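What follows is a pair of forms of the same protein chain, given separately as structure tokens and numbered structure 1 and structure 2.
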Structure 1
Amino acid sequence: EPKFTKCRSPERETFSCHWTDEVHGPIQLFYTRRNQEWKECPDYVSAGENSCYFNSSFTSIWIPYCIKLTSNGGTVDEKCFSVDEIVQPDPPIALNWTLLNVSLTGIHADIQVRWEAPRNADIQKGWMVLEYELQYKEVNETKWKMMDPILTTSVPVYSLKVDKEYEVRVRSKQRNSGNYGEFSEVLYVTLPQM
């Protein structure tokens, strides 16, 4: 049913909006950088099936935008936002881990998990300053244990039972603005009986 879903800016430089209208007439996107006159969607195709891609030239981080989705004249959904409000950065690339050591008891171990920034933050720098939230749980536990949001691409995980299989996933966010992106590919950490 012809409503908005998500406008998302992956780096703080571009963005797009999505909706639902995959049979459920012509839907159109309309925008205005608030400062009445609507411009219309610049590129209804680069993001695919039900999208509108606002590129570099069309995206300014100093003004609020508004958008109304017009299904054959009628406005169905409409929404205003600003670009830091819709920053939702790509998950981290290439997680791994290292075995620090095991106890005398042999019951527990200490690992360290590294990851690597999304490619589109490298490119940026001094614009897009990321913070990572690592969470982990046992392969058959239920609630994820979360860790404090760290700015580094490495955090140790302590007290893991040497023969219990584990899942580690980390997600990212811009330093105080926007909200979290999706999670990384989930690492499966398995500790050897040493």
Structure 2
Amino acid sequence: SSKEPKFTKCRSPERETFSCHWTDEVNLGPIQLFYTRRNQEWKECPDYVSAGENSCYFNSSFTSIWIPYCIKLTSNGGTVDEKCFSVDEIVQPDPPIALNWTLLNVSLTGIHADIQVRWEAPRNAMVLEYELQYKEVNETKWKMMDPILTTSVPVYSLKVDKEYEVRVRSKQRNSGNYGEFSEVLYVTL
């Protein structure tokens, strides 16, 4: 038999490699992934271990030329899920790490302050631009800044009276999907 397993996500961290993920057949044991380089010949997943559980990992030989794939989940032998995609549609960079911040200036009234948030580009870096986000801790909407190329960015006019939250996500320059957010950095003036 099989059960009801389904694809969750396929992700490319740097547009060179990617892996696809799915759920458990509920565990049963006869699951497989097959892929094809067309819209033809179906070949089994080349690596069921590198990307972890219920995953298939495709090394950089799969992004030699513009790719155009299709994959299907298999339980015993019967399809249970399918998906087609190119590596471009799934690019999703890793977030920055080591978020820091220094005070830059205080307004004449001491009411406001300017800071500079800094971070390190994910260690696997396709040129990335970052989108910094912040908001009052006690608030619920996140203010967003334009994507920037530098691994730092000044944030102007924060109110001294408040405690802030900062988070930066990575994105491929141009049409690029965003990736996960970094570890939240707390800013108390």
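C-alpha atoms forming the largest set that superposes within 1.5 Å between two forms make up the rigid core. One-based numbering along structure 1's sequence throughout. Residues that one form lacks are left out of the comparison.
Tell me, which of 58, 53, 65, 136 is the one whose C-alpha shifts by at least 2 Å between structures 1 and 2, with the rigid core superposed?
Of all the options, the C-alpha that shifts by at least 2 Å belongs to 58.
How much does the C-alpha of residue 113 move between structures 1 and 2, in Å, when the core is lined up?
Residue 113 C-alpha displacement between structures 1 and 2, core-aligned: 0.7 Å.
Could you check how much the CA of residue 163 shifts between structures 1 and 2 after a rigid core fit, in angstrom?
A shift of 2.3 Å.
Consecutive stretches, 3 or more residues long, displaced between structures 1 and 2 (C-alpha shift of at least 2 Å once the core is aligned)
Runs moving 2 Å or more: 57-61, 176-178.
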